[PDB]
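Enquirer: sharing an experimental structure here, sequence included.
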Number of protein chains: 2
Amino acid sequence: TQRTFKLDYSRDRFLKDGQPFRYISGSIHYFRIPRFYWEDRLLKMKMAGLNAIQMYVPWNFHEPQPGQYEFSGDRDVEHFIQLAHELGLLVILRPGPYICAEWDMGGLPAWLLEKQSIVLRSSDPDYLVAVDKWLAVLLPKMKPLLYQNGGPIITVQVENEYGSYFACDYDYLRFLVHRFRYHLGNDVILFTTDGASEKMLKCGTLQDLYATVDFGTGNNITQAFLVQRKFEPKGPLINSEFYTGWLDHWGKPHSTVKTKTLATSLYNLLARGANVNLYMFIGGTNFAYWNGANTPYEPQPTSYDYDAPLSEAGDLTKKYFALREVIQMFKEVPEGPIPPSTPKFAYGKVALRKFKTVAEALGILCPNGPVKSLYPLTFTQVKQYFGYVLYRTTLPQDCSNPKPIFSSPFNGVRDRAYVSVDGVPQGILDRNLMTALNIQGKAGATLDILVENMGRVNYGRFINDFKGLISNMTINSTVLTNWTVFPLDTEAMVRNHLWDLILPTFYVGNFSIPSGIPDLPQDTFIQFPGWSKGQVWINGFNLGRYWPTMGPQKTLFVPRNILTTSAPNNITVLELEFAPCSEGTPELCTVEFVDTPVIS
Amino acid sequence: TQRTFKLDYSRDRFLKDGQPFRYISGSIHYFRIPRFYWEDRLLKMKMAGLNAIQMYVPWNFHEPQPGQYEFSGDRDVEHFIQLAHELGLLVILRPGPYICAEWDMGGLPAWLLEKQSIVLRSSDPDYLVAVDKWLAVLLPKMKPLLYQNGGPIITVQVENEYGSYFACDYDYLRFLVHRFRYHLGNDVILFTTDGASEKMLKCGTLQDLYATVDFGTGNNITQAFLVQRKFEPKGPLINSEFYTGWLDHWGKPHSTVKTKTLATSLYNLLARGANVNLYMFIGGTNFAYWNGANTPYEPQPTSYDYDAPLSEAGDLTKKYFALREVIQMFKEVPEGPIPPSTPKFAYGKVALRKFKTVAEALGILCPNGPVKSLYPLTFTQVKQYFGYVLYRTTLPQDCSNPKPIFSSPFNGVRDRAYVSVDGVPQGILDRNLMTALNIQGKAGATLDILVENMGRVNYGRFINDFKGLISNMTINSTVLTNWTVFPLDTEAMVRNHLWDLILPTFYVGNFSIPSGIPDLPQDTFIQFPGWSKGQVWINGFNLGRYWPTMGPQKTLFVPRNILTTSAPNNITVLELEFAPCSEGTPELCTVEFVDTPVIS
Ligand SMILES: *[C@@H]1O[C@H](CO)[C@@H](O[C@@H]2O[C@H](CO)[C@@H](O)[C@H](O)[C@H]2NC(C)=O)[C@H](O)[C@H]1NC(C)=O
Ligand SMILES: *[C@@H]1O[C@H](CO)[C@@H](O[C@@H]2O[C@H](CO)[C@@H](O)[C@H](O)[C@H]2NC(C)=O)[C@H](O)[C@H]1NC(C)=O
Ligand SMILES: *[C@@H]1O[C@H](CO)[C@@H](O[C@@H]2O[C@H](CO)[C@@H](O)[C@H](O)[C@H]2NC(C)=O)[C@H](O)[C@H]1NC(C)=O
Ligand SMILES: *[C@@H]1O[C@H](CO)[C@@H](O[C@@H]2O[C@H](CO)[C@@H](O)[C@H](O)[C@H]2NC(C)=O)[C@H](O)[C@H]1NC(C)=O
Ligand SMILES: *[C@@H]1O[C@H](CO)[C@@H](O)[C@H](O)[C@H]1NC(C)=O
Ligand SMILES: *[C@@H]1O[C@H](CO)[C@@H](O)[C@H](O)[C@H]1NC(C)=O
Ligand SMILES: *[C@@H]1O[C@H](CO)[C@@H](O)[C@H](O)[C@H]1NC(C)=O
Ligand SMILES: *[C@@H]1O[C@H](CO)[C@@H](O)[C@H](O)[C@H]1NC(C)=O
Ligand SMILES: *[C@@H]1O[C@H](CO)[C@@H](O)[C@H](O)[C@H]1NC(C)=O
Ligand SMILES: *[C@@H]1O[C@H](CO)[C@@H](O)[C@H](O)[C@H]1NC(C)=O
Ligand SMILES: *[C@@H]1O[C@H](CO)[C@@H](O)[C@H](O)[C@H]1NC(C)=O
Ligand SMILES: *[C@@H]1O[C@H](CO)[C@@H](O)[C@H](O)[C@H]1NC(C)=O
């Protein structure tokens, strides 16, 4: 009755308790979906016929500050794994430390950047030390959840498309592998995932560690598995991320891949007897600052719908039933009715009201106190890992005639700055789009620049993503010293509430939900007609970034967990560009709750 | 600030705190809908723009046995009124004692029939005494809820189409009115409702009591209110039951009235400035034995959908929005989004299994013990106010050749009997349909007859509705003595579970519902493909009668309140005619849970 799971090289498969085995898995990120709904998605996953999941452990989700760890409630990954086990699902764990995943900085904590020249995903001694410490914290929590110790964990990913990274460090991989073996034991099954081309496996694979690839419908399947077999002559064929859809970018049209094309490809993969994981099965949500970025800079939106088999709000889609039908070819699917798409409710129009700009509330926003520096400091340099940062200086010259805010020594404003002087908004600045802007003000006037972190790049080489001013800020090639920066405690500020482009300002509105209705509150979608861009919280929960005027995302997912009946619902919007709220028309100064999402 | 509500004869209206007032009400029966959902319907009623409700107090719902009263939880009418008041809705109370309402025996308790020749709705001293006692119990509970005492009760109905009853007793009405004035005070506003023809008001109205009529879309509105004015020259015009739809009968096709026809008529009524109540606004449910009957006998089904503006399960229908739109012509409608149609879930097919016939379980069904009588006793005579009754005797003659079960002295088998001998089902008997049946058995064989109460007549003269055998049971005009009757405690029996027509037998099946799903359990509809007729309980809650083979009702409403997650769901079906469960096909021996009702 002992649980003996191990790769069967002879018969190119897995063996579970002596029986041939191959897994049909789907990715689910417990962190892009609220814990309130975890069971739901996982049960749907079981009802789809998957027998395993493939999930990432984002290091930054559990250690926002060095040595500070969060693992309870919404932070309780171990409970998530235990719940999956209770549902009869196996688990493929992917603990990184880099996960990509269109997630902030690939999971790595921003405070790593406190060493300016430090190198991530390399043999950098400080990087390796921090990685080791994180592993020494995380992995003992996973140890009792390993299959051979009676839990659902059957295989473990060590990296993610490591062949795409510039370093090509095999000492780094060896160091990771030694530490994983040390903390987790020799029994664990360790694997890699890389792009389906031998060039990437060249720098990704490693001895004493199984090698796998990923690929979607636009790859020769034969060629892909031939590429894998060139690195793993014996053992199961595995596609760890067979893409069912694709990520989005703001402005870029929403990617859509036909359902039945994915279905046909999936059938083809299954017919070879391989192991496939559907990335993503549910996409979930890009919370406040969890989004990543590519290069050339292009942040991912709030919605992570992904065109996944389960929609952002968990709806059963035609894709879901198609994939269930395909999977039922190769395994009996669980009996019983499938949990439904959640109910949606249109709460309708809710009004807001100008509360205060960031500048006029920094003390409430930053009650510990501000930061002073000779030259500007970056987001990391000011010890604010997310959010927005206020840069303040004095004008050294009279600017009665519009003077040009222009280049800095090496084009290092990232990623967006809203510029103003003594509460007079001057316009916008951004990377690759707008770096020059005429401004006006008297000599000695207070210049305030609000810098937004639009997301740390999550893929490629450009992980040294400073965020804000690093270099000597210059106006018309004229230097600027004596800077005061302001980190903003937006989360506690929203949770407490002190208890013609419009300057970044807060608009607070309320709405009530009746008590005693069994099927209220329900999940919903928030729309911002007439707004431009900002951040939104409900009852202190940061739902993420909105940008309807840029699109393609319009609605934001609102999980019903955050609404409280009888007690007033208190929405706070931080608008960065424009609000319909100056004139005498109040109806325009409203957001809306809708039932059917509109994201593309 | 004193609350002064009274009829304004001068200006043909009501006055509320000195202001002209007319009400736009809808009927809601707190008892045909589970308390779990009361708020829901009432809030929808508020969102429809109604400012009052018109509801019945069924005497039999609160006093099933003489001197035994139930008023807590699901029995807490006073809490229902208080909840309505809390929602800002006024209340029109209609406490009967007869309510018609397609409800059992017009609300009157069946034990009144323990006096065989007693007369209901007359000056019968025992009837008047029982009525008085009921009023003396009920009305002091309503007193603090009266408008002038700070509650939502503004007017009170004393009868219901009294002009349709044969007695034409004005002493009876005077007695009621005196008792109502005595217990409730002179301040109360008292009114009547009758069919819209002077002939009925002739016997319905009464001095010192306001007179109103009811009528639907097939009545001359001018003529109807002229008829009212002939009895009330001054005061508001009132239609207390403007029918938006109609009741159903088993077998009779489901009545449907076009939405917009009702809308046009409603607008016409409103334009006269009258007071109108929409009967029904929600219909709700016909539980276990709460249905009524007409003459010639025709029981109402389980569904009381009524084609009401709110569907049986509370869905917003095109009729609802149409009526809201009409009402918004004459009054501002409440602000905010309207509570939605409830979510529905298809739990799918659930199997059952033959447990035991009634005969083989009477001890468990009747643990106090059976009844013995020289000649058969009626349902009332055996002190079982609902349910089914077992009649047992011995065959006095050899019946090797089929002998005719035939007439009794005055055709008094009501309403349906399933006949068998020692567990050999012989067929069916019913009133006006089948009273003759050939049977076979040896002399001295035990003859068991299972008699179903299909519903006590709720309208007309025929309230002396015995239910079962009253007269000397005869086979081929041959008398039968030495009877043993068996009252069945079906409710406690289901709640405990001891912890080719098929004989009436119990089939128990289970189904499980996953835990941790925020939007599960949901309301549902149960279907019985292949079954014929019987009673169904879930977790001991008697959902009512099913009869798909007769129709028009197929599905049964299942409110989500009765489902319990993790704990097994235990459905019990008492089938009276036929089950698909003898052969080796188990799939046929299943009921189904569906999401969309199919009732017509
Ligand atoms: C910002 O300007 C200061 C001006 O002093 C720079 O500081 C000097 O930079 C030169 C190179 O440009 C070095 O050789 C000196 O050693 C620096 N001196 C000090 C005291 O730091 C600074 O490097 C500039 N930084 C940026 C990012 O432009
Ligand atoms: C949303 O705003 C309402 C309005 O103040 C809050 O309701 C009060 O919250 C305070 C907490 O600071 C309590 O002390 C009061 O008792 C609450 N009012 C009542 C009538 O009880 C509500 O708490 C706010 N919600 C959130 C999530 O902050
Ligand atoms: C059932 O049969 C019995 C037979 O005795 C009837 O009892 C007699 O009925 C006659 C009228 O038919 C009366 O005059 C007698 O006074 C009754 N005698 C007794 C002792 O009751 C009885 O009435 C019959 N009942 C029915 C409903 O048919
Ligand atoms: C439905 O049937 C199940 C199966 O027995 C019941 O579950 C048990 O109920 C008994 C009560 O007699 C408890 O003592 C047991 O502890 C229950 N089982 C477990 C595992 O806890 C369930 O109670 C039944 N439901 C209803 C409403 O009768
Ligand atoms: C893939 O490539 C192999 C050889 O390179 C070829 O035989 C096969 O037909 C190709 N299939 C597809 C779908 O491109
Ligand atoms: C910017 O600086 C240059 C110095 O060469 C000066 O000539 C120019 O006038 C400045 N710009 C403005 C708008 O004054
Ligand atoms: C900047 O700060 C230094 C610190 O002493 C001060 O000497 C200098 O005058 C300041 N310059 C301006 C422009 O405020
Ligand atoms: C919500 O805020 C508005 C702002 O005027 C206020 O009128 C309203 O009463 C508030 N809602 C509740 C339930 O108090
Ligand atoms: C109703 O009857 C009155 C007089 O009896 C008549 O004037 C009116 O036109 C009738 N209206 C309808 C709708 O029958
Ligand atoms: C019924 O009773 C009559 C008595 O007149 C008898 O003649 C007849 O045979 C009986 N019926 C049967 C089926 O025996
Ligand atoms: C009916 O009961 C009486 C009561 O004593 C008994 O005398 C009689 O024999 C019984 N008759 C039958 C047919 O059982
Ligand atoms: C429900 O009853 C069936 C009858 O065989 C049984 O197999 C099943 O285990 C029961 N369900 C649960 C959850 O125990």
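Expert: Sure, I can see it. Numbering: from 1, shown residues only, chains lettered A, B, ... in the order given. Ligands and ions are numbered 1, 2, ... in the order given.
Enquirer: quick check, residue A:33 in a strand?
Expert: No. Under DSSP: H, G, I helix; E, B strand; the rest coil, residue A:33 sits outside any strand and is assigned coil.
Enquirer: wait, isn't it in contact with residue A:284?
Expert: Yes. Judged on CB atoms under 8 Å, residue A:33 makes contact with residue A:284 at a distance of 4.0 Å. Heads up, the C-betas are built off the backbone N, CA and C, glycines and all.
Enquirer: out of these two, which sits in the more crowded spot?
Expert: residue A:284 (27 against 24; other CB atoms under 10 Å in any protein chain shown).
Enquirer: how far away is that one from residue A:75?
Expert: Residue A:284 is 16 Å from residue A:75, where distance means CB to CB, to the nearest Å.
Enquirer: in chain A, mark out all the helices, start to finish.
Expert: Listed in chain order, the helices of chain A (DSSP state H) span A:38-48, A:59-62, A:77-86, A:125-142, A:170-184, A:198-204, A:221-231, A:259-271, A:318-327, A:362-365, A:490-496.
Enquirer: how distant is the last one from the center of its chain?
Expert: Same thing as helix A:490-496. Using CA atoms, centre = their mean, to the nearest Å, the mean C-alpha position of helix A:490-496 is found 21 Å from that of the whole chain.
Enquirer: which outside residues touch that helix?
Expert: With CB atoms under 8 Å, 6 or more residues apart in numbering or on different chains as the contact definition, helix A:490-496 has outside contacts at A:361, A:364, A:365, A:387, A:388, A:535, A:537, A:540, A:542, A:572, A:574.
Enquirer: so which of the helices of chain A is nearest ligand 3?
Expert: The closest of the helices of chain A to ligand 3 is helix A:38-48. By CB to the nearest ligand atom, the value is 61.9 Å.
Enquirer: so how far is that closest one off the chain centroid?
Expert: Centre-to-centre, helix A:38-48 and its host chain are 21 Å apart (CA atoms, centre = their mean).
Enquirer: elements contacting that helix?
Expert: The contact analysis (3 or more CB pairs under 8 Å, 6 or more residues apart in numbering or on different chains; DSSP states H and E) places helix A:38-48 against helix A:77-86, helix A:318-327.
Enquirer: wait, which of those is closest to ligand 9?
Expert: Nearest of the helices and strands packed on helix A:38-48 (CB to the nearest ligand atom): helix A:318-327, 51.8 Å.
Enquirer: anything in the closest one near chain B?
Expert: No. Using CB under 8 Å from any CB of the partner chain, helix A:318-327 stays clear of chain B, coming no nearer than 13.7 Å.
Enquirer: list the buried ones in that helix?
Expert: In terms of neighbour count (16 or more other CB atoms under 10 Å in any protein chain shown), helix A:318-327 has its buried residues at A:319, A:320, A:322, A:323, A:324, A:326, A:327.
Enquirer: would you turn the residues you listed into JSON lines with distance to ligand 12?
Expert: Below are the buried residues of helix A:318-327 laid out as JSON lines (distance: CB to the nearest ligand atom, whole Å):
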{"residue": "A:319", "distance to ligand 12": "30"}
{"residue": "A:320", "distance to ligand 12": "25"}
{"residue": "A:322", "distance to ligand 12": "30"}
{"residue": "A:323", "distance to ligand 12": "27"}
{"residue": "A:324", "distance to ligand 12": "23"}
{"residue": "A:326", "distance to ligand 12": "29"}
{"residue": "A:327", "distance to ligand 12": "24"}
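Enquirer: could you identify the most distant pair in those?
Expert: Greatest spatial distance among the buried residues of helix A:318-327 (CB to CB): A:319 and A:327, at 12.2 Å.
Enquirer: quick one: stretch A:205-213 to chain centroid distance?
Expert: Using CA atoms, centre = their mean, the offset of stretch A:205-213 from its chain centre is 26 Å.
Enquirer: first-to-last residue distance for that stretch?
Expert: End-to-end distance for stretch A:205-213: 10 Å, by CA to CA, to the nearest Å.
Enquirer: please apply the same query to stretch A:404-412.
Expert: Using CA to CA, the two ends of stretch A:404-412 sit 17 Å apart.
Enquirer: what does stretch A:357-377 give?
Expert: First-to-last distance for stretch A:357-377 - CA to CA - comes to 22 Å.
Enquirer: go on, stretch A:6-25?
Expert: 18 Å.
Enquirer: with stretch A:451-467 instead?
Expert: Using CA to CA, the two ends of stretch A:451-467 sit 8 Å apart.
Enquirer: again with stretch A:31-50
Expert: Criterion CA to CA; first-to-last residue distance in stretch A:31-50 is 20 Å.
Enquirer: follow-up on the earlier one: the helices and strands packed on helix A:38-48 into CSV, with extra columns for distance to ligand 1?
Expert: Below are the helices and strands packed on helix A:38-48 laid out as CSV (distance: least, CB to the nearest ligand atom, whole Å):
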stretch, distance to ligand 1
helix A:77-86, 40
helix A:318-327, 50
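Enquirer: quick check, stretch A:497-514 touching chain B?
Expert: Yes. Residues of stretch A:497-514 contacting chain B under CB under 8 Å from any CB: A:512, A:514.
Enquirer: export that stretch as CSV, just CAs?
Expert: Output in CSV follows, covering the C-alpha atoms of stretch A:497-514 (Å, rounded to 0.1, in the frame of the first residue of the first chain):
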residue,chain,number,x,y,z
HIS,A,497,-10.3,56.4,5.5
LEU,A,498,-9.1,58.7,8.3
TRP,A,499,-11.2,56.8,10.8
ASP,A,500,-8.0,69.7,-18.8
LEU,A,501,-6.5,66.5,-17.4
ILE,A,502,-7.5,66.2,-13.7
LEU,A,503,-4.8,65.8,-11.0
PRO,A,504,-4.6,62.3,-9.6
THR,A,505,-7.4,62.4,-7.0
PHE,A,506,-9.6,60.1,-5.0
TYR,A,507,-13.4,59.8,-5.6
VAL,A,508,-15.2,57.9,-2.9
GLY,A,509,-18.7,56.6,-3.4
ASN,A,510,-21.0,54.3,-1.5
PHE,A,511,-23.5,51.7,-2.3
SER,A,512,-25.8,49.5,-0.2
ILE,A,513,-26.9,45.9,-0.7
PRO,A,514,-30.0,44.6,0.9
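Enquirer: now it, how far from the centre of its chain.
Expert: 25 Å.
Enquirer: which of the residues in that stretch are buried?
Expert: Those would be A:501, A:502, A:503, A:504, A:505, A:506, A:507, A:508, A:509, A:511, A:513, A:514, for stretch A:497-514 by 16+ other CB under 10 Å.
Enquirer: now stretch A:591-598
Expert: For stretch A:591-598, by 16+ other CB under 10 Å, it's A:591, A:592, A:593, A:594, A:597.
Enquirer: next up, the contacts around the nearest residue to the second one once chain neighbours are set aside.
Expert: Translated: residue A:592. Leaving aside its sequence neighbours, residue A:592 sits nearest to residue A:527 (CB to CB, 6 or more residues apart in numbering or on different chains; 4.7 Å). Neighbour list for residue A:527: A:548, A:554, A:555, A:556, A:591, A:592, A:593, A:594, A:598 [criterion: CB under 8 Å, 6+ apart].
Enquirer: against residue A:47, how distant is the residue in the stretch 301-450 of chain A positioned nearest to ligand 4?
Expert: Closest approach between the stretch 301-450 of chain A and ligand 4, counting by CB to the nearest ligand atom: residue A:336, at 17.3 Å. Distance check for residue A:336 against residue A:47: by CB to CB, it reads 7 Å.
Enquirer: list the contacts for the closest residue to residue A:302 other than its chain neighbours?
Expert: In this structure, residue A:302 finds its nearest non-sequential neighbour in residue A:544, 3.8 Å apart by CB to CB, 6+ apart. Residues near residue A:544 by CB under 8 Å, 6+ apart: A:285, A:286, A:287, A:288, A:290, A:291, A:302, A:535, A:536, A:556.
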